[PDB]
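J.: Provided herewith is a single structure, encoded as structure tokens, for subsequent inquiry.
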Protein chains: 2
Amino acid sequence: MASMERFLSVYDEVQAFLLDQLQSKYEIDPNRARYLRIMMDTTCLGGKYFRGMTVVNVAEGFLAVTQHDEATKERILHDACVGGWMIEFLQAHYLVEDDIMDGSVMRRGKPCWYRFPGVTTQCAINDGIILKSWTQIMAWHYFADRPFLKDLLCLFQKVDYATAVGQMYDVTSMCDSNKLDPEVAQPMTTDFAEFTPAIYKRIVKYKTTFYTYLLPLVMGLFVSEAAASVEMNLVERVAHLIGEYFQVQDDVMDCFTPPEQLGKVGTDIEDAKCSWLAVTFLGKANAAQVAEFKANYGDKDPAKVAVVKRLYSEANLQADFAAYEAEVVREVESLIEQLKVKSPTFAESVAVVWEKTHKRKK
Amino acid sequence: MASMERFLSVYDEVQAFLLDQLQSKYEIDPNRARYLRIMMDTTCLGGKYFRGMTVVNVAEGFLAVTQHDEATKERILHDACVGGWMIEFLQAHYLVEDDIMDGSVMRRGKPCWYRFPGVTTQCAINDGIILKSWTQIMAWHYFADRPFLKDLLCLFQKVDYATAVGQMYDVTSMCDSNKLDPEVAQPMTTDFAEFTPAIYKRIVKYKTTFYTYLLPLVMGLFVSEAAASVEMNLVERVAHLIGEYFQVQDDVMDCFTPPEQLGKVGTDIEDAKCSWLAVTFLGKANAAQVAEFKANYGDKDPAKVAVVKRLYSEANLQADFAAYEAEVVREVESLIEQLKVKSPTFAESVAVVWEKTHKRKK
Ligand SMILES: O=P(O)(O)C(O)(Cc1cnc2ccccn12)P(=O)(O)O
Ligand SMILES: O=P(O)(O)C(O)(Cc1cnc2ccccn12)P(=O)(O)O
Ligand SMILES: C=C(C)CCOP(=O)(O)OP(=O)(O)O
Ligand SMILES: C=C(C)CCOP(=O)(O)OP(=O)(O)O
Ligand SMILES: [Mg+2]
Ligand SMILES: [Mg+2]
Ligand SMILES: [Mg+2]
Ligand SMILES: [Mg+2]
Ligand SMILES: [Mg+2]
Ligand SMILES: [Mg+2]
């Protein structure tokens, strides 16, 4: 695709600036510099680019309906692409750490960064932190001058914090709230009482909807100076909605999509994750299905995992997903309809994002 | 001490705000809220507070020589204390991750956060990231309104990045630059050719002098609006100097201070760290001392470590430290003398910081 290449060319610009700066203000030798180019390529590239592309889409949207000089068109698109990369670098950061926290094996068809032979956990934690700093380095370099800079950075760190908070929700989801205590070794739940639709939704709201949807949509508005031309409550509500759906597909895919298509290998069952499959399962299963699940869930044993998979198939959980999906389509089309009142171009952007998300295979 | 208590009371304010906000905008249950109060207390408290106190000192300095209304005095001190906590929270973040990367056991007389039974590595990585976000949450809450806010946040992230970059230098210091490669398992150096004074100094410049000295000194100026009344090159140079010395003491203490006085247990020998002791040792030892060191360094074996300790004692490395220290006193007093020309009050601040650093025991 010819817009993908234009986005990626801005990466090459950004990568060059970052690496030049390291050699020239941070006294880095070429081998460490090389290491960081590979760390940036490995953790920032080979994804769908839908977070960053989303910023560009929103910006091109306002550009088609507004008068601008050719140079402003250019600047604005360039700003959109750098903004896009901030979010991709923000994601890279989170995935590096997440793969560590989750015990993952592959991502984008390659081993997870920390599993690289010359990397390891000790380095990966810090590479992760580098990824996050890079995002602030870009912002300050490319946007120091822009009227949207405070707003952009205030949003970004609010989104970053929601995500970290959401991450803490996810990684403690298999613990009984009342037993959770830094002094005491955390035992897994036996009741699964907190695998509810409400709690599931809280987890996913924070760990994924802010950075996956809210941030790119609102950033696209910021770099367009168009935030006053939209109902912000509608934007928040639609980003939460689509973002929840996006995480539901992620959960479904963890268990049911073969790793070669997915580019990563599922770990939710092993990890005892409060995943959409698990919550939906516990919502429809009988007494004997529940008990069989309690005795097999949250263990690396390939045979116990096989059982949970067989339980999930038995429970016919694809019916539940069709119902789920049908309701989300209702509400998304609704919210897009509402967005049309003050901003038809933006609601068209939302519709493209939704379309891409709905039709996803990996 | 009665200024320590006033600083800590601002923590209680900040802690309350952060935790209230979680319950009221982030839907946190009391048990997760509790977990984060203990994580904040454990990682933010029980240290010397010299980074944050340093901001307060600098601010009180400009307040004694300037006319202000009683309310501005108050505001400015409050701002200084919140600024101070940003750096303490920034340090907390770095120590949580560092203890993981370094394989440490204790800090401030308690197990390292990740070694807590109810915490673990998976949670600690993220608690760490929370710590860093808290710093931006404070800034934006307390200072959204202040004229120094861009400057403060631009500096902070520049300092944060230098540190992360310095961390990558430290954790790869026992690798031969030319062998370092993400695809290939990293073998320790056999030559120790990169354990030089120049390389040592580059490591420490980035991993410690920016956040330990540059940031608090410059932040104290920012919240005082007094940055134009100082020679910034002199500030940078003195912060680098004192900060290097501070890391040298840290290295010396790692090996030679008993854990009960230190509050942490040394790991530099085991970890193959490019530490001041190692570099100085390699700088004065004979052919047979060097070879004996090469065969014992970078191994957890208590007996190989015993040997490196015995080699360090043999080499009479406390003479070298006295010479080192005598030269730093020369240059610090020099730089403080220079600081007196445009700003005598600030140079007095620097002198207090230096005095505290020089006379430290843990
Ligand atoms: O590993 P993946 O891709 O399956 C999965 O999506 C990863 C993921 C989702 N949301 C976040 C937020 C921060 C870091 C990682 N995140 P999950 O949430 O299931 O770990
Ligand atoms: O663990 P400590 O206290 O001995 C030691 O000081 C810790 C340390 C120094 N500088 C940094 C910067 C970021 C994180 C940790 N840092 P070291 O550098 O020797 O790990
Ligand atoms: C569910 C979430 C938010 C994590 C998976 O992220 P993506 O599937 O967007 O990862 P890439 O496309 O960037 O590989
Ligand atoms: C050498 C450095 C910079 C790390 C040790 O930091 P401190 O010795 O300042 O840690 P606390 O006083 O905060 O425990
Ligand atoms: Mg994961
Ligand atoms: Mg996860
Ligand atoms: Mg997943
Ligand atoms: Mg350490
Ligand atoms: Mg270290
Ligand atoms: Mg140390």
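Residues are referred to by chain and number: the chain letter is A, B, ... according to the order shown in the structure tokens, the number counts from 1 in that chain, and ligands are numbered separately from 1 in the order shown.
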Mind checking which residues fall within 9 Å of residue 114 (chain A), counting only C-alpha atoms, ignoring those fewer than 2 positions away in the same chain, and posting them as a list in words?
T.: residues 96, 97, 99, 100, 111, 112, 116, 117, 118, 119, 120, 121, 122, 123, 124 and 125 of chain A
J.: Residues at most 6 Å from ligand 1, using only C-alpha atoms and all ligand atoms? Could they come as a list in words?
T.: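 The residues within 6 Å of ligand 1, counting only C-alpha atoms and all ligand atoms, are residues 94, 95, 98, 163, 167, 207 and 208 of chain A.
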J.: Using the selection just defined, write its residues with C-alpha atoms as a PDB file, in the first residue's frame.
T.:
ATOM      1  CA  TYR A  94       4.255  -1.792  26.083  1.00  0.00           C
ATOM      2  CA  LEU A  95       4.639  -4.955  23.990  1.00  0.00           C
ATOM      3  CA  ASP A  98       4.046  -7.230  28.149  1.00  0.00           C
ATOM      4  CA  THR A 163      -2.587   1.795  30.066  1.00  0.00           C
ATOM      5  CA  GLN A 167      -1.871  -3.545  32.748  1.00  0.00           C
ATOM      6  CA  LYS A 207      -5.215  -1.755  29.244  1.00  0.00           C
ATOM      7  CA  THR A 208      -6.260  -1.252  25.585  1.00  0.00           C
TER       8      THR A 208
END
J.: Using only C-alpha atoms, I'd like every residue of chain A that has an atom within 7 Å of chain B; please write them out as a list in words.
T.: residues 31, 35, 101, 116, 117, 118, 119, 122, 123, 126, 129, 130, 133, 136, 157, 161, 164, 168, 171, 177, 178, 180, 181, 182, 183, 184, 185 and 186 of chain A
J.: Please produce an output containing C-alpha atoms for each residue in the selection, written as a short mmCIF file (atom, residue, chain, number, x, y, z; two decimals), in the first residue's frame.
T.:
data_model
loop_
_atom_site.label_atom_id
_atom_site.label_comp_id
_atom_site.auth_asym_id
_atom_site.auth_seq_id
_atom_site.Cartn_x
_atom_site.Cartn_y
_atom_site.Cartn_z
CA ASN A 31 27.81 -1.28 17.90
CA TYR A 35 21.89 -2.65 18.62
CA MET A 101 5.10 -10.15 31.94
CA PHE A 116 16.51 -12.81 21.26
CA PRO A 117 19.83 -14.49 22.18
CA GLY A 118 21.81 -11.26 22.45
CA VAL A 119 19.07 -9.40 24.33
CA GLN A 122 17.75 -7.57 31.81
CA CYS A 123 18.34 -5.60 28.61
CA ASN A 126 15.53 -1.14 29.64
CA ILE A 129 12.05 2.15 28.77
CA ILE A 130 14.17 3.56 25.89
CA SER A 133 11.63 7.95 26.04
CA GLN A 136 9.02 12.12 24.20
CA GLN A 157 0.74 10.72 29.40
CA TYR A 161 -0.99 6.03 32.67
CA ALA A 164 -0.11 1.03 32.87
CA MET A 168 -1.86 -3.84 36.52
CA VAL A 171 -1.74 -9.11 35.43
CA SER A 177 -9.15 -9.01 45.10
CA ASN A 178 -9.38 -9.61 48.83
CA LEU A 180 -4.04 -9.36 46.99
CA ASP A 181 -1.23 -8.12 49.17
CA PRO A 182 2.43 -7.25 48.43
CA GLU A 183 3.63 -9.24 51.53
CA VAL A 184 1.87 -12.50 50.63
CA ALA A 185 2.45 -14.86 47.68
CA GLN A 186 -0.54 -14.49 45.32
#
J.: Using only C-alpha atoms and all ligand atoms, which protein or nucleic acid residues are at most 10 Å from ligand 10, as a short mmCIF file (atom, residue, chain, number, x, y, z; two decimals) with N, CA and C atoms, in the first residue's frame?
T.:
data_model
loop_
_atom_site.label_atom_id
_atom_site.label_comp_id
_atom_site.auth_asym_id
_atom_site.auth_seq_id
_atom_site.Cartn_x
_atom_site.Cartn_y
_atom_site.Cartn_z
N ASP B 98 16.07 -1.42 37.95
CA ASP B 98 17.50 -1.70 38.16
C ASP B 98 17.73 -2.92 39.05
N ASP B 99 16.93 -3.04 40.11
CA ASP B 99 17.08 -4.16 41.02
C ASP B 99 16.78 -5.46 40.33
N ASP B 102 19.78 -6.03 37.80
CA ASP B 102 21.05 -6.25 38.48
C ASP B 102 21.03 -7.52 39.34
N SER B 104 19.50 -7.79 42.28
CA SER B 104 19.67 -7.40 43.69
C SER B 104 18.69 -8.03 44.68
N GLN B 247 28.68 8.32 42.30
CA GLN B 247 28.71 6.94 41.78
C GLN B 247 29.99 6.16 42.17
N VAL B 248 31.12 6.86 42.26
CA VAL B 248 32.33 6.24 42.74
C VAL B 248 32.17 5.71 44.16
N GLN B 249 31.59 6.52 45.04
CA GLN B 249 31.32 6.08 46.40
C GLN B 249 30.39 4.90 46.33
N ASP B 250 29.41 4.97 45.43
CA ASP B 250 28.48 3.88 45.36
C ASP B 250 29.23 2.58 45.04
N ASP B 251 30.15 2.65 44.06
CA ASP B 251 30.92 1.48 43.66
C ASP B 251 31.79 0.95 44.80
N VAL B 252 32.50 1.84 45.48
CA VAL B 252 33.34 1.50 46.61
C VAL B 252 32.51 0.76 47.68
N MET B 253 31.34 1.33 47.98
CA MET B 253 30.44 0.84 49.03
C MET B 253 29.84 -0.52 48.71
N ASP B 254 29.58 -0.77 47.43
CA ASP B 254 29.07 -2.07 46.93
C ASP B 254 29.90 -3.25 47.39
N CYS B 255 31.22 -3.07 47.33
CA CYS B 255 32.17 -4.08 47.73
C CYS B 255 32.56 -3.98 49.22
N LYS B 264 21.73 -2.29 51.40
CA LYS B 264 21.63 -3.17 50.24
C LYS B 264 22.81 -4.11 50.17
N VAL B 265 22.69 -5.19 49.40
CA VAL B 265 23.84 -6.08 49.25
C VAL B 265 24.50 -5.95 47.90
N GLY B 266 25.83 -5.78 47.92
CA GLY B 266 26.61 -5.67 46.70
C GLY B 266 26.42 -6.78 45.68
N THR B 267 26.42 -6.40 44.40
CA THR B 267 26.33 -7.36 43.30
C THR B 267 27.28 -7.06 42.13
N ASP B 268 28.12 -6.03 42.22
CA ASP B 268 28.91 -5.59 41.07
C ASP B 268 29.91 -6.64 40.60
N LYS B 273 30.31 -5.92 36.65
CA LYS B 273 30.10 -4.50 36.40
C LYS B 273 31.41 -3.77 36.10
N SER B 275 32.92 -1.32 37.26
CA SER B 275 32.79 -0.47 38.41
C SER B 275 34.10 0.30 38.67
#
J.: Measuring between only C-alpha atoms, which one of B:322, B:198, B:336, B:350 shows the shortest distance to residue 57 (chain B)?
T.: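 Going through B:322, B:198, B:336, B:350 one by one, the smallest distance to residue 57 (chain B) is for B:350.
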J.: Listing only residues of chain B within 10 Å of ligand 4, what is the closest atom pair and its distance in Å (to one decimal) for each, using only C-alpha atoms and all ligand atoms, sorted by chain and residue number ascending, as CSV?
T.:
residue,atom,partner,partner_atom_place_in_ligand_line,distance
B:43,CA,ligand 4,13 (O),9.0
B:44,CA,ligand 4,13 (O),8.0
B:45,CA,ligand 4,13 (O),7.9
B:46,CA,ligand 4,14 (O),6.8
B:47,CA,ligand 4,14 (O),3.8
B:48,CA,ligand 4,12 (O),4.3
B:49,CA,ligand 4,13 (O),6.1
B:50,CA,ligand 4,9 (O),6.9
B:51,CA,ligand 4,9 (O),7.3
B:52,CA,ligand 4,13 (O),9.7
B:88,CA,ligand 4,13 (O),7.4
B:89,CA,ligand 4,13 (O),9.9
B:91,CA,ligand 4,13 (O),7.1
B:92,CA,ligand 4,13 (O),7.6
B:94,CA,ligand 4,4 (C),9.1
B:95,CA,ligand 4,4 (C),7.6
B:98,CA,ligand 4,4 (C),9.4
B:107,CA,ligand 4,14 (O),6.9
B:108,CA,ligand 4,14 (O),5.7
B:109,CA,ligand 4,14 (O),9.4
B:204,CA,ligand 4,3 (C),8.9
B:207,CA,ligand 4,3 (C),7.7
B:208,CA,ligand 4,3 (C),5.0
B:209,CA,ligand 4,3 (C),7.5
B:210,CA,ligand 4,3 (C),9.6
B:211,CA,ligand 4,3 (C),8.0
B:212,CA,ligand 4,3 (C),6.0
B:213,CA,ligand 4,3 (C),9.2
B:243,CA,ligand 4,3 (C),7.8
B:244,CA,ligand 4,1 (C),9.0
B:245,CA,ligand 4,1 (C),9.4
B:246,CA,ligand 4,1 (C),6.3
B:247,CA,ligand 4,1 (C),4.7
B:248,CA,ligand 4,1 (C),8.0
B:249,CA,ligand 4,1 (C),7.9
B:250,CA,ligand 4,1 (C),5.2
B:251,CA,ligand 4,1 (C),7.8
B:253,CA,ligand 4,1 (C),9.9
B:254,CA,ligand 4,1 (C),9.9
B:262,CA,ligand 4,8 (O),8.9
B:263,CA,ligand 4,14 (O),8.1
B:264,CA,ligand 4,14 (O),8.9
B:357,CA,ligand 4,9 (O),9.8
B:360,CA,ligand 4,8 (O),9.5
B:361,CA,ligand 4,8 (O),9.8
B:362,CA,ligand 4,8 (O),6.7
J.: Give me, please, the distance in Å between CA of residue 74 (chain B) and CA of residue 219 (chain B), quoted to one decimal.
T.: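 Interatomic distance here is 16.8 Å.
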J.: Using only C-alpha atoms, which of A:175, A:269, A:10, A:332 sits nearest residue 355 (chain A)?
T.: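 That would be A:332, the residue with the smallest distance to residue 355 (chain A).
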J.: Give me, as a PyMOL selection string, the residues of region 35-133 of chain A that a backbone DSSP run labels helix (DSSP H, G or I).
T.: chain A and resi 35-44+50-63+70-102+113-115+120-133
J.: Residues within 12 Å of region 70-72 of chain A, please, as a list in words. Count only C-alpha atoms; anything in the same chain fewer than 4 positions from it doesn't count.
T.: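 Counting only C-alpha atoms, the residues come to residues 59, 60, 63, 66, 76, 77, 78, 79, 80, 223 and 224 of chain A.
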J.: Give me the residues near residue 351 (chain B) as number ranges by chain, where near means some atom within 12 Å (using only C-alpha atoms) and where sequence neighbours in that chain fewer than 2 positions away do not count.
T.: B: 54, 57-58, 61, 217, 238-239, 242, 329, 332-337, 339-340, 344-349, 353-358
J.: Hey, can you spit out that residue selection with N, CA, C and O atoms as a compact mmCIF listing (two decimals), in the first residue's frame?
T.:
# COMPACT_ATOMS: atom_id res chain seq x y z
N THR B 54 17.30 18.39 47.66
CA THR B 54 18.16 19.30 46.89
C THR B 54 17.38 20.41 46.16
O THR B 54 17.84 21.55 46.12
N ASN B 57 16.30 22.92 48.86
CA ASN B 57 17.46 23.72 49.25
C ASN B 57 17.68 24.83 48.27
O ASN B 57 17.68 26.01 48.67
N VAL B 58 17.83 24.48 46.99
CA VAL B 58 18.01 25.50 45.95
C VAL B 58 16.90 26.53 46.04
O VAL B 58 17.19 27.71 46.13
N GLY B 61 17.17 28.88 49.02
CA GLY B 61 18.29 29.75 48.66
C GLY B 61 17.85 31.00 47.94
O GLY B 61 18.15 32.12 48.37
N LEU B 217 19.16 20.23 40.61
CA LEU B 217 19.72 21.56 40.74
C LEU B 217 18.97 22.50 39.81
O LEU B 217 18.53 23.56 40.25
N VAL B 238 29.41 21.20 37.20
CA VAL B 238 29.47 20.76 38.59
C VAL B 238 28.59 19.51 38.89
O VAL B 238 29.01 18.59 39.59
N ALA B 239 27.40 19.45 38.29
CA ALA B 239 26.53 18.29 38.47
C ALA B 239 27.17 17.03 37.92
O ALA B 239 27.04 15.95 38.53
N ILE B 242 30.14 16.14 40.62
CA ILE B 242 29.71 15.64 41.94
C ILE B 242 29.01 14.27 41.80
O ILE B 242 29.16 13.38 42.69
N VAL B 329 37.51 17.35 45.17
CA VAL B 329 37.45 18.52 46.05
C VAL B 329 38.07 19.75 45.36
O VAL B 329 37.47 20.81 45.33
N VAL B 332 35.57 20.74 42.44
CA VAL B 332 34.26 21.18 42.95
C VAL B 332 34.35 22.58 43.60
O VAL B 332 33.53 23.48 43.30
N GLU B 333 35.37 22.78 44.45
CA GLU B 333 35.59 24.06 45.09
C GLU B 333 35.85 25.11 44.02
O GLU B 333 35.45 26.26 44.17
N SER B 334 36.50 24.70 42.93
CA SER B 334 36.81 25.58 41.81
C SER B 334 35.54 26.08 41.11
O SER B 334 35.38 27.28 40.86
N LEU B 335 34.67 25.12 40.78
CA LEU B 335 33.42 25.33 40.08
C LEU B 335 32.44 26.11 40.94
O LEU B 335 31.62 26.86 40.41
N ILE B 336 32.54 25.93 42.27
CA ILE B 336 31.71 26.67 43.22
C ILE B 336 32.22 28.10 43.30
O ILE B 336 31.43 29.06 43.37
N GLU B 337 33.54 28.25 43.33
CA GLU B 337 34.15 29.55 43.20
C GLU B 337 33.66 30.28 41.95
O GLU B 337 33.31 31.45 42.02
N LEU B 339 30.88 29.73 40.29
CA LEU B 339 29.45 29.96 40.42
C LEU B 339 29.16 31.23 41.26
O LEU B 339 28.13 31.89 41.06
N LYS B 340 30.09 31.57 42.16
CA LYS B 340 29.96 32.76 42.99
C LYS B 340 29.88 34.09 42.19
O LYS B 340 29.37 35.07 42.70
N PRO B 344 26.12 33.79 44.06
CA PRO B 344 26.63 33.37 45.38
C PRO B 344 25.67 32.48 46.21
O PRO B 344 26.10 31.49 46.83
N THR B 345 24.39 32.82 46.23
CA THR B 345 23.40 31.97 46.87
C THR B 345 23.32 30.55 46.27
O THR B 345 23.29 29.57 47.02
N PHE B 346 23.26 30.46 44.94
CA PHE B 346 23.27 29.16 44.28
C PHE B 346 24.56 28.32 44.50
O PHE B 346 24.51 27.11 44.67
N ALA B 347 25.70 29.00 44.45
CA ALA B 347 26.98 28.39 44.73
C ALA B 347 27.01 27.90 46.20
O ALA B 347 27.62 26.87 46.49
N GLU B 348 26.32 28.60 47.10
CA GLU B 348 26.10 28.10 48.47
C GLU B 348 25.24 26.81 48.55
O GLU B 348 25.56 25.89 49.32
N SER B 349 24.17 26.77 47.76
CA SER B 349 23.40 25.55 47.53
C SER B 349 24.26 24.39 47.03
O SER B 349 24.22 23.29 47.60
N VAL B 353 25.02 20.70 48.93
CA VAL B 353 24.89 19.45 48.18
C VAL B 353 26.22 18.71 48.19
O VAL B 353 26.26 17.49 48.43
N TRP B 354 27.30 19.46 47.95
CA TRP B 354 28.60 18.82 47.89
C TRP B 354 29.00 18.25 49.25
O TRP B 354 29.43 17.11 49.34
N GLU B 355 28.83 19.06 50.28
CA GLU B 355 29.06 18.71 51.67
C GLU B 355 28.30 17.44 52.09
O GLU B 355 28.86 16.55 52.72
N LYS B 356 27.02 17.36 51.73
CA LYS B 356 26.19 16.20 52.06
C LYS B 356 26.73 14.99 51.35
O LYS B 356 26.75 13.90 51.93
N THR B 357 27.15 15.17 50.10
CA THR B 357 27.62 14.07 49.28
C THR B 357 28.96 13.56 49.77
O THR B 357 29.14 12.35 49.97
N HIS B 358 29.91 14.48 49.96
CA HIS B 358 31.23 14.19 50.51
C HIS B 358 31.16 13.38 51.83
O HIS B 358 31.88 12.39 51.99
J.: Figure out the distance between CA of residue 170 (chain B) and atom 2 (P, counted along the ligand's line) of ligand 2, please, to one decimal in Å.
T.: 11.2 Å
J.: For the structure I just gave you, how does DSSP split region 31-234 of chain A - specifically, which residues are strand (DSSP E or B)? Reply as a VMD selection string.
T.: chain A and resid 106 to 107 110 to 111 175 188
J.: Keeping only N, CA, C and O atoms, write the selected residues to a file as a short mmCIF file (atom, residue, chain, number, x, y, z; two decimals), in the first residue's frame.
T.:
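Done, and the output landed in out.cif:
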data_model
loop_
_atom_site.label_atom_id
_atom_site.label_comp_id
_atom_site.auth_asym_id
_atom_site.auth_seq_id
_atom_site.Cartn_x
_atom_site.Cartn_y
_atom_site.Cartn_z
N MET A 106 6.53 -15.53 20.76
CA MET A 106 6.69 -14.91 19.43
C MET A 106 5.83 -13.68 19.32
O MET A 106 4.85 -13.54 20.01
N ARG A 107 6.18 -12.79 18.42
CA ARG A 107 5.31 -11.67 18.08
C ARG A 107 5.74 -11.15 16.72
O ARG A 107 6.93 -11.09 16.42
N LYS A 110 8.35 -13.35 14.78
CA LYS A 110 9.70 -13.42 15.34
C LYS A 110 9.65 -13.69 16.86
O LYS A 110 8.63 -13.41 17.53
N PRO A 111 10.75 -14.21 17.42
CA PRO A 111 10.74 -14.29 18.87
C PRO A 111 10.53 -12.91 19.50
O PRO A 111 10.88 -11.86 18.91
N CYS A 175 -6.19 -13.17 40.49
CA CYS A 175 -6.06 -13.09 41.93
C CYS A 175 -7.38 -12.67 42.50
O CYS A 175 -8.10 -11.90 41.86
N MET A 188 -3.78 -18.20 42.90
CA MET A 188 -4.83 -18.08 41.92
C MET A 188 -6.25 -18.24 42.56
O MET A 188 -6.43 -18.89 43.60
#
J.: Show which residues sit within 12 Å of residue 314 (chain A), as a compact mmCIF listing (two decimals) with N, CA, C and O atoms, in the first residue's frame. Count only C-alpha atoms, and ignore same-chain residues fewer than 5 positions away.
T.:
# COMPACT_ATOMS: atom_id res chain seq x y z
N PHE A 281 -17.43 -18.15 28.64
CA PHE A 281 -17.57 -19.54 29.11
C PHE A 281 -18.22 -19.67 30.48
O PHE A 281 -19.16 -20.44 30.67
N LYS A 284 -21.98 -19.18 30.57
CA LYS A 284 -23.01 -20.05 29.97
C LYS A 284 -22.90 -21.52 30.31
O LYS A 284 -23.84 -22.25 30.08
N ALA A 285 -21.78 -21.92 30.88
CA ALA A 285 -21.49 -23.31 31.16
C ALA A 285 -22.30 -23.86 32.33
O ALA A 285 -22.78 -23.11 33.20
N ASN A 286 -22.46 -25.18 32.35
CA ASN A 286 -23.12 -25.85 33.47
C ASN A 286 -22.15 -26.19 34.59
O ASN A 286 -20.93 -26.08 34.43
N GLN A 289 -19.25 -28.39 33.61
CA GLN A 289 -18.31 -27.64 32.76
C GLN A 289 -17.46 -26.66 33.59
O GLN A 289 -16.24 -26.60 33.40
N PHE A 293 -13.35 -26.84 34.13
CA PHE A 293 -12.57 -25.65 33.83
C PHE A 293 -11.71 -25.21 35.01
O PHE A 293 -10.55 -24.91 34.81
N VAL A 307 -7.73 -29.45 27.38
CA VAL A 307 -9.05 -29.58 28.01
C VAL A 307 -9.84 -28.26 27.95
O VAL A 307 -10.97 -28.24 27.45
N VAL A 308 -9.26 -27.18 28.49
CA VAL A 308 -9.88 -25.86 28.41
C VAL A 308 -10.28 -25.52 26.96
O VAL A 308 -11.38 -25.03 26.72
N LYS A 309 -9.42 -25.84 25.98
CA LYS A 309 -9.78 -25.62 24.55
C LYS A 309 -11.01 -26.41 24.13
O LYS A 309 -11.92 -25.83 23.52
N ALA A 319 -21.06 -18.78 18.81
CA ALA A 319 -22.39 -18.19 18.82
C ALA A 319 -22.39 -16.89 19.63
O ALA A 319 -22.90 -15.85 19.18
